[PDB]
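Shown next as structure tokens: one chain only, the form solved without this ligand.
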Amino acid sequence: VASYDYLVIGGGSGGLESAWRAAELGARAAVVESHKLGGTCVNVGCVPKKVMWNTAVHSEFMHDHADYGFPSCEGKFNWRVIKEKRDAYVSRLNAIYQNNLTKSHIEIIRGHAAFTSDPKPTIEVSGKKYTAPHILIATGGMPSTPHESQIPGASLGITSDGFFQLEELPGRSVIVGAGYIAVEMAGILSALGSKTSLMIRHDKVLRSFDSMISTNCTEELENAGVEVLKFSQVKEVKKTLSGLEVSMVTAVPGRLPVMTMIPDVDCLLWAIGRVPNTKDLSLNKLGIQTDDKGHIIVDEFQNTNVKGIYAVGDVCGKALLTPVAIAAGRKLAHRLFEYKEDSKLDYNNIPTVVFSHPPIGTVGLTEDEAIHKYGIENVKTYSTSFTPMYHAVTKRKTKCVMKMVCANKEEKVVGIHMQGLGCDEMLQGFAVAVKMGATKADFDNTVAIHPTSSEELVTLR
């Protein structure tokens, strides 16, 4: 049994970041990775995604090339190519990580970890036992795909992972999901050719965001050429000689249900879930407490119910983004190794950007969460709806919607929601501001940048 000071299971974002801060404060640390380091962020998430998004933003422009006074192209985008190059980047990234870890002097034990009986907190890896007072579990989370029980033909669908394995742009895409990975997937395929359809249980996507966002984004997906199939779900999937035949039910409120066939489908995407990676961790042997869905349960300091065992990132099932993994992983290293009793991540005002077309940007709480936490009389909302100056000379148009949720007398900006061009790099500055309890005044006292979209967020009337 090799004893350490820190043992971090999983080598993805949350975790790499912790072990790293731990080595920094002086600590005998190891990270147990089952396969590719960099986790999801590098391999099949953030990075591969943004590359494709970036590729998509190029079709949107190729469509406006004529309006801006240049001739045009024709079409035929070769997916094969961009695919290859995106992979060589993931490779470069992995090698950087390989080197970075080995240089910061961290024992990268490689293999599959699990908990044993061993009285005090101890893990095995490929028949070897390692232990250390503090073991952090950062085992991530995987894509949820339906069971053949419920949906016969379930296994025929592909997920984000498989999406990042596509060697050719699928001429006909079908996406099931109304969240962000769904919205994101639907947009890339549509922009890049595939006649796509987004099948959602209700009438709008991103039902978890502000009304304006969930609304404006369903609409934009529509004008973009996506096909929102509302109050629908796949009954069964059947591999024809053509491709796939999706039988889905459209049960619109107030109407009579109708069962439909969706033929010659190239790709059927399960963009419905991220189940935690907890099963074969064999937590059971320590009584490590969990969710009724496998997620590990921790307190406001990332402590499991067991002493010396913690959790961070996707696995815990809260704020499923890379930076929350990092911010939670590194903050821990300081509580422990710097002996800082106040280091914990404040899960409020966490900013999230969704890369649809156009980009969704948002931080803080929504009108409703607000109205509830304050009072219908206490919540004031300012908003704007304009057209980016980018479409003063284009036929192809998209909007930009900005909303500000203020609280109480002083008009404390407690929620900023927006969709529009540049909304990806637009948010962050305001996140810092918002994080530092900015009032509508501070916003209003800031001199504008003209001409910009951002200027609109500070001139709200």
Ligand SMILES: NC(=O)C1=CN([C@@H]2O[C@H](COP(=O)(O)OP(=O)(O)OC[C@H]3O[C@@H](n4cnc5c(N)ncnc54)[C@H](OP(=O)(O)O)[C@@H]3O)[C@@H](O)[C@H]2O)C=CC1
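Heads up: residue numbers just count along the shown sequence, starting at 1.
As recorded in the PDB entry, 124-132 is the stretch of 165-173 and 124-132 with the greater mean C-alpha temperature factor. Across the two stretches, 68-76 and 100-108, the PDB entry reports the greater mean Cα temperature factor for 68-76. When the Cα B-factors of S242, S208, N277, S247 are read from the PDB record, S242 comes out highest. Note on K331, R201, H357, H295: the highest value goes to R201, judged by CA B factor as recorded. When the modelled residues of the chain are ordered by C-alpha B-factor, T452 sits in the middle third. Annotation for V31: C-alpha temperature factor in the middle third relative to the rest of the modelled chain, per the entry. In this PDB entry, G422 carries a Cα temperature factor that places it within the highest third of its chain's modelled residues.
Annotation for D442: CA B-factor lies in the lowest third of the chain's modelled residues. The PDB entry assigns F115 a C-alpha temperature factor belonging to the highest third of its chain's modelled residues.
Another form exists, deposited with this ligand bound; not displayed. Remarks below refer to it.
Contact annotation for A271: at least one heavy atom lies within 4.5 Å of this ligand in the deposited complex.
Although the partner is absent from this view, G177 contacts this ligand in the deposited complex, with a non-hydrogen atom inside 4.5 angstroms. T250 falls outside the set of residues with a heavy atom inside 4.5 Å of this ligand in the deposited complex. Taking the partner from the other structure, this ligand in the deposited complex has no heavy atom within 4.5 Å of any heavy atom of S149.
Contact with this ligand in the deposited complex holds for none of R80, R86 and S194, as no heavy atom of theirs lies within 4.5 Å. The partner is absent here; in the deposited complex, the one residue of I108, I371, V306, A319 having a heavy atom within 4.5 Å of this ligand is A319. For the options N216, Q302, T362, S173, the residue carrying a heavy atom within 4.5 angstroms of this ligand in the deposited complex is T362. In short, of 196-204, 290-298, 254-262, 336-344 it is 196-204 that has heavy atoms within 4.5 Å of this ligand in the deposited complex.
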